[PDB]
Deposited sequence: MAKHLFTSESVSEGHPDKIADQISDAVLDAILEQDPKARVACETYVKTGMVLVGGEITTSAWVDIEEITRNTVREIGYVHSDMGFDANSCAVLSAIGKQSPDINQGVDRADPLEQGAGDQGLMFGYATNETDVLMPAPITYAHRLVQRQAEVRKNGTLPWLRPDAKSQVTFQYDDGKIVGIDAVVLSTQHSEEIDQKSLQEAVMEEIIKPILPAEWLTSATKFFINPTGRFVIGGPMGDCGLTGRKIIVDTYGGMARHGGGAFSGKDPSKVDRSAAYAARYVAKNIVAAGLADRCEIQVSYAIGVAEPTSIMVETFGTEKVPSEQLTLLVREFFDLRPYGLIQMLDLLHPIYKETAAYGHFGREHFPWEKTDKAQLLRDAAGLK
């Protein structure tokens, strides 16, 4: 049936995303020395200050301040005229804290309870829903043209939102686009709107989806000079829908950034994405949602549901069987299936954990095996 669906994203400069990146920069720094470290790093950014807290247990020795300043600096906050300066902001630290419980580590019980969802759809090339996919690309393009000097008056903080029109489960076009970007005093709003349209929006959104009825809200309130942590708190794990599927799929409720792979909240979400994407990549369904749940201390998932919204190209009972045959969804089994014990997570902390074809859980190395195990 005809309907609209909307998703949003934010740039690496949005204060919530700043916190997520700092949390995963600390995780990456620790994993490079202690691949098996336990990390639960919560970050809280506000005017003038970064607070890094949580609980950690590792043999690694890390400089929290240096990691934090480097991260903020890469994001681009390097001057008080931007509202935040990586070189002079305060950095505060408030981090704290059986061994071989299984003969086979792959049989360790879940370190926590919870349910996670994976999703895939052949709407886009990356098998992600269209709204979240192009919302990410808009804020990522904003950062791209900000850093390479194409538009030097841009500033780090920005938000996007895309409203897609669907009909009979197929995409007809784009109904509304929102893009709010921080900027310096130099540029006027008229010049800003045209440059964002020409350098950010038009190069990213397929023209076939842009009709005369599409609304374009470019800095709808106008002046956007004060941004980032100034005038807006940022906390880790406050963008979990931006991080996953933009609302197209359900969500178990767990945040990703700041957590080592032993947190099923994170790695099982990655594994769920890995199965759903391989099912859709194998031609076994157009759209596929995977629900997995874990009981603490239990290795086998307490539930595995495969929903294909009537788009399955083989019986539903055979899909759920293939999922069990080709994927190891035990907490520490999926860690090895995805090779998650490496410092690869700072890159996930902005622009979406799902959609980019270089992360382990985005590989489709099992798609050909799945359709072979089903016929075609």
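Identify which parts of the deposited sequence carry no C-alpha coordinates, going from the N-terminal end onward. Counting from residue 1, the stretches without coordinates are 1, 99-104, 384.
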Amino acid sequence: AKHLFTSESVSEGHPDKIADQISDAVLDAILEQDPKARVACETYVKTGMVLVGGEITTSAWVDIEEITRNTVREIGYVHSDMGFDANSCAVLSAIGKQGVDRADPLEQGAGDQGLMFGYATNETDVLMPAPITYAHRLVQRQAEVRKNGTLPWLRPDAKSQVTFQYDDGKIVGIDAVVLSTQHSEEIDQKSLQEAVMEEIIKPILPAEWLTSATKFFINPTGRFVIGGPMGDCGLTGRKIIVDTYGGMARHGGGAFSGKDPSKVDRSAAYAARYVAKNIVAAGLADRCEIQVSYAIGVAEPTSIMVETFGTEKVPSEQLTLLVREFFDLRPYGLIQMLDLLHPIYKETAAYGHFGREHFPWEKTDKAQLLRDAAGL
From here on, numbers count along this sequence of modelled residues.
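Is it the case that at least a third of the other compared entries omit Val100, given both of its neighbours are modelled there? Yes, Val100 lacks coordinates in at least a third of the other entries compared.
Pick between 168-176 and 127-135: the one whose mean CA B-factor in the entry is higher. Mean CA B-factor is higher for 168-176.
Please work out which of 312-320 and 38-46 has the higher mean CA B-factor as recorded in the PDB entry. Averaged over C-alpha atoms, the B-factors run higher in 312-320.
Maximum C-alpha temperature factor, selected from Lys159, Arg155, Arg73, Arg250: Comparing C-alpha B-factors across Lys159, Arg155, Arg73, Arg250, the maximum falls on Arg250.
For the listed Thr211, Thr244, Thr181, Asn87, which has the peak Cα B-factor recorded in the PDB entry? Spelled out: the listed residue with the top C-alpha B-factor is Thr211.
By the record's CA B-factor, is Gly352 among the lowest, middle or highest third of residues in the chain? Its C-alpha B-factor, which the entry lists for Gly352, ranks in the lowest third among residues of this chain.
In terms of the CA temperature factor given in the entry, to which third of its chain does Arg102 belong: lowest, middle or highest? Ranked within chain, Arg102 CA B lands in the highest tercile.
In terms of the chain's CA B-factor thirds, is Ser59 lowest, middle or highest? Answer is highest: the recorded C-alpha B-factor places it there.
Can you work out whether the C-alpha temperature factor of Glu32 puts it in the lowest, middle or highest third of the chain? As the PDB entry reports it, the C-alpha B-factor of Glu32 lands in the highest third of its chain.
Which third, lowest, middle or highest, does the CA B-factor of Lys346 fall in along this chain? CA B-factor rank for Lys346: middle third.
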